[PDB]
Number of protein chains: 2
Amino acid sequence: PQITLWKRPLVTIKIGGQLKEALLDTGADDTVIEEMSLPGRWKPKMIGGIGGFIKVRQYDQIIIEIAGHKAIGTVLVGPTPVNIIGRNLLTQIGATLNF
Amino acid sequence: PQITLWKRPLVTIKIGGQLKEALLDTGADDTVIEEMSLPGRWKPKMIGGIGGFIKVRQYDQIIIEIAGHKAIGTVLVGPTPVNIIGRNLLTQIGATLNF
Ligand SMILES: CC(C)CN(C[C@@H](O)[C@H](Cc1cc(F)cc(F)c1)NC(=O)O[C@H]1[C@H]2CO[C@H]3OC[C@@H]1[C@H]3C2)S(=O)(=O)c1ccc2nc(NC3CC3)sc2c1
Ligand SMILES: [Cl-]
Ligand SMILES: [Cl-]
Ligand code: NA
């Protein structure tokens with residue numbers, strides 16, 4: 001699709017069999033989603049945005065569908081205010097910015 | 001142009017007569033720039049992101065040049081760790097996300 005930015009670019013994602021809403025975010029290096037249960041081991045990561053830092057759990061090689069496009073990659077789980085799809089997965093679904 | 005997302009989508013902006021580097025950020029509703037002077041009236045605002053809220057100054061009807069493209073809109077000025085071009089100005093330069 002071609003998505004304009006007059007509204008938030010929200011899409012549905014599917015992860016862990018569940019549907020969630022998430023923001024397509026070119027300003028985010030990584031994908032960050034709210035508290036949920038994921039399989040496997042996790043590693044620590046401390047990620048910074050506006051306001052300061054949060055601690056998150058990093059899960060690698062997680063299967064996730066984004067607007068119907070399959071991706072497999074790193075998902076950070078933590079107390080984010082919104083689910084964010086960052087560049088690590090936007091690149092897997094072939095997203096570009098165009099003007 | 002077509003900007004891929006392998007790296008941060010950083011562009012040069014001109015604002016308040018200054019040159020700055022800024023991130024094209026589809027996950028940002030508003031444009032947020034590090035501390036600088038701008039002419040005219042302003043009012044305070046609180047904006048939240050991953051690590052909580054920061055207080056900014058809201059300046060309306062500011063002209064900015066973004067990667068060569070002129071636009072006008074509201075600019076928030078405050079202690080953001082990175083200059084961010086948000087949807088309120090990305091729409092004006094005709095930016096879209098495509099995949
Ligand atoms: C969290 C989003 C929902 C909003 N944000 C935009 C994101 O694109 C930020 C951009 C950013 C990049 C950085 F480099 C550093 C930063 F401080 C900020 N991304 C990010 O925090 O990413 C993090 C995480 C992702 O992985 C890595 O990448 C970078 C780091 C790191 C860990 S925002 O900035 O908080 C924002 C902007 C304007 C605005 N307008 C408003 N209007 C009111 C509602 C009416 S509210 C509001 C909120
Ligand atoms: Cl505006
Ligand atoms: Cl349009
Ligand atoms: Na003004």
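Before reading on, note that the structure itself is shown above.
Residues numbered from 1 in each chain as written, not as in the entry; some residues may be left out. Chains lettered and ligands numbered in written order. Heavy atoms only, no water.

Asker: Explain the interface of chain B and chain A here, please?
Answerer: Where interface size is given, it is often the accessible area lost as the parts come together that is meant. Each partner contributes residues to the interface: chain B has 40 residues there, and chain A has 38 residues. Linking chain B with chain A are two salt bridges, by the criterion used here. Between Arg8 of chain A and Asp29 of chain B there is a salt bridge, and its shortest N-O distance comes to 3.1 Å. Taken together, the connections running from chain B to chain A amount to 21 residue pairs in polar contact. (Contact = heavy atoms within 4.5 Å. Salt bridge = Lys/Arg side-chain N within 4 Å of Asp/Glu carboxyl O. Polar contact = N/O pair within 3.5 Å; in protein donor to acceptor, adjacent residues only side chain to side chain.)

Asker: So what exactly am I meant to see when it comes to the site of ligand 1 here?
Answerer: Around ligand 1, 25 residues are found, and the nearest of them are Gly49 and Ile50 of chain A together with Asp25, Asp30 and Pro81 of chain B. Near ligand 1, residues from chains A and B are present, making the site a shared one. A distance of 2.9 Å is found between an oxygen atom of ligand 1 and a side-chain nitrogen or oxygen belonging to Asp25 of chain A. Contact with the protein chains hides 87% of the accessible area of ligand 1, taken as 870 Å² for the molecule alone. (Near = heavy atom within 4 Å. Areas by Shrake-Rupley, 256 points an atom, 1.4 Å probe, with all protein chains shown as cover.)

Asker: For this particular structure, what's the right way to read the environment of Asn98 of chain A?
Answerer: Mapped onto the fold, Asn98 of chain A is located in strand β9 (residues 96–98). Judged by its relative accessible area of 17%, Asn98 of chain A falls in the buried class. Those residues in contact with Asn98 of chain A that lie beyond four places of it in its chain are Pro1, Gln2, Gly94, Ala95, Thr96 and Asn98 of chain B. Only 3.0 Å separates the side chain of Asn98 of chain A from the side chain of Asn98 of chain B, close enough to count as a polar contact. (Helix = DSSP H or I, 4+ residues; strand = E, 2+ residues; numbered from the N terminus. Buried < 20%, exposed > 50% of the residue type's maximum accessible area, 1.4 Å probe, protein only.)

Asker: Whenever I open this one, the relation of the copies chain B and chain A confuses me. Can you help?
Answerer: The relation between the two chain copies is a rotation about an axis coupled with a shift along that axis. In screw terms, the move from chain B to chain A is a rotation of 179° and a rise of 0.0 Å along the axis, fitting with an RMSD of 0.4 Å. Such a combination of turn and shift is consistent with a two-fold rotation axis. Residues of chain B ranked by C-alpha distance from the rotation axis are headed by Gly51 of chain B, positioned 1.9 Å from it. (Least-squares fit on C-alpha atoms.)

Asker: Even after reading the chapter, I still don't get the environment of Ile64 of chain B, so can you show me in this structure?
Answerer: Residue and element names in this part refer to chain B. Checked against the element boundaries, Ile64 lands in strand β6 (residues 52–66). Look at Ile64 and you get buried, because its relative accessible area is 1%. It is 11 Å that separates the C-alpha atoms of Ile64 and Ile93, two residues lying 29 residues apart in sequence. Excluding residues within four positions of it along the chain, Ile64 makes contact with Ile13, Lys14, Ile15, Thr31, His69, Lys70, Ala71, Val75 and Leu89.

Asker: I tried to follow unusual backbone geometry on my own but got confused; where do I start?
Answerer: Negative phi values dominate among residues other than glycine, just as trans dominates among peptide bonds. Residues and elements named next belong to chain A. Of note in this structure, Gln61 is not a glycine but carries a positive phi near 55°. Note that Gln61 resides in strand β6 (residues 52–66). Positioned with a positive phi, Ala67 is a non-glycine residue whose angle comes to about 50°. The exposure class assigned to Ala67 is partly exposed, which follows from its relative accessible area of 34%.

Asker: Help me out: how do you make sense of the nonpolar core in this one?
Answerer: One recurring pattern in soluble globular proteins is that nonpolar side chains are buried together. Of all hydrophobic cores here, the largest spans 47 residues; its most connected members are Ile15, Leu24, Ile66 and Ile85 of chain A together with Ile13, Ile15 and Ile66 of chain B. The residues contacting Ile15 of chain B, other than those within four sequence positions of it, are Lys20, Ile33, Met36, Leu38, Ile62, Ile63, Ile64 and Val75 of chain B. The next biggest cluster of nonpolar side chains, apart from the first, holds eight residues, and it includes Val32, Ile47, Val56 and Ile84 of chain B. (Core = buried A, V, L, I, M, F, W, Y, C linked by side-chain atoms within 4.5 Å.)

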